[PDB]
Each structure stands twice: as structure tokens, then as C-alpha cells.
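Engineer: when you get a sec, could you give me coordinates for this:
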Amino acid sequence: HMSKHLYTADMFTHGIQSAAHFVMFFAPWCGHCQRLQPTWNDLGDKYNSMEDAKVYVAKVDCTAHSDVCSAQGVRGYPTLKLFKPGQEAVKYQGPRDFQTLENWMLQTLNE
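Structural biologist: Numbers count the residues shown, from 1 in each chain. Structure data below:
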């Protein structure tokens, strides 16, 4: 369930410079991260396949890429960041249900 929408370090570095990304930094031992996996998969399934996609939904396993999580100043798990090419990243804080996540992502995209 956590295998879906996983990015490599290289995919992350280039992806966040090519298009908007809502990225989940997580750990397999993170209980909140586990419960969030199915919602994040739905978000990815809906948006990552869209034609002419303006946003992409991805994951970075911190236990696989500690160097990436360190560089992103990750504090606590999961950490939800929206990256926009050129602009500065925004850490999401708030309820983690599908409707709220989607609405915040959409509002934050056009700012």
C-alpha cells in the first residue's frame, strides 16, 4: 500500500523543478503514515494520470532516502509539503482526510 507513488531521490529532485508536487515524506514505522497511505493513494490515482496535469502526488520513504528528508528539513511524520517550481515549498498542517487535502492542494496551487 505504501509502494504506490514512491519516488526515488533522483525523481524527487527533478520532479519538484518540473511540476507542482504534493509530497508525503514518511516512514514505514510511522503509525499516522500507515493510516494515511490509502488516502494518499487515492489522491495520486486521481491526479497523477490526468492529461496535462498541473500537480503530481508522490511519496518519499525517509528510511530509503534519509539524505532527502534531511535536506527538506523534515520534522515528524508524516510531513506533507507542496512544491512549486521556482517558488518556495509549503508544509501542510491540518486534517488529513481526502476532501480537506484535495481542497487545500487546489487552493494552494493557484497562489
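Engineer: run the chain-centre distance for stretch 101-111.
Structural biologist: Averaged C-alpha coordinates place stretch 101-111 at 13 Å from its chain's average position (C-alpha atoms, centre = their mean, to the nearest Å).
Engineer: mind listing what's buried in it?
Structural biologist: Neighbour counts over stretch 101-111 (16 or more other C-beta atoms under 10 Å) mark 101, 102, 104, 105 as buried. Bear in mind the C-beta positions are built from the backbone N, C-alpha and C, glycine included.
Engineer: which strands and helices lie in contact with the lengthiest helix in the chain?
Structural biologist: Counting residues, the longest helix found in the chain (DSSP state H) is helix 31-47. Applying 3 or more C-beta pairs under 8 Å, 6 or more residues apart in numbering; DSSP states H and E, we find helix 31-47 packed against strand 20-26, strand 55-61, helix 98-109.
Engineer: before we move on, the earlier item: tell me the two of the buried residues of stretch 101-111 that are most distant?
Structural biologist: 102 and 104 (7.4 Å; C-beta to C-beta).
Engineer: before we move on, back to that, so can I have a markdown table of the helices and strands packed on helix 31-47 showing distance to residue 67?
Structural biologist: Converted to a markdown table, the helices and strands packed on helix 31-47 look like this (distance: least, C-beta to C-beta, whole Å):
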| stretch | distance to residue 67 |
| --- | --- |
| strand 20-26 | 12 |
| strand 55-61 | 11 |
| helix 98-109 | 26 |
